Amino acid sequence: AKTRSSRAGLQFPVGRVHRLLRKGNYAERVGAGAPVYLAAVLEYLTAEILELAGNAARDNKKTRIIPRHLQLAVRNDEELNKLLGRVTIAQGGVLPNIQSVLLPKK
C-alpha cells in the first residue's frame, strides 16, 4: 500500500489534511481532491518561507534557522509580509529602520 502523499508527490500528509478538514466542521462532505490540493498549497508556502529564512540564515553567517531569520524573511518580502500582516512571530524583533529625519545633520 502506497500513501496518498507519495501518489500526489508531496511531503505533507494528505491523509492528515483530509482528517483535519473533516473534524473541523467546514462542510458535511469533503471531496478527495481537496486535501490533496490543500496539502500541496501548504507545502509550497512552507517551502517559500524556509527558502527565504534559510537565505537570511546564510546572510548572517549561520546554518541554523532561528525565529529572527523567519521574521527578516517575512518582513523583507512584500507578499509574505502582507499575508502575515496581523501576525506576530515570537522572538522575531524588527527590521533595522530609522526615519531619515532623525539621523545626524552631517
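Just so we're on the same page, rigid core means the largest C-alpha set that superposes within 1.5 Å between forms. Numbers follow the displayed sequence, beginning with 1.
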Which segment is farther from the shown form on average in 4 other deposited structures of this protein after a rigid core fit, 9-17 or 78-86, going by CA atoms?
78-86
Please compare 75-83 with 57-65 and say which has the higher mean C-alpha temperature factor in the record.
57-65
CA B-factor placement of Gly15, once the chain's modelled residues are sorted into thirds:
middle
Once the chain's modelled residues are ordered by C-alpha B factor and cut into thirds, is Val30 in the lowest, middle or highest one?
highest
Determine, from the deposited record, the chain-internal third of the Cα B-factor for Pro96: lowest, middle or highest.
middle
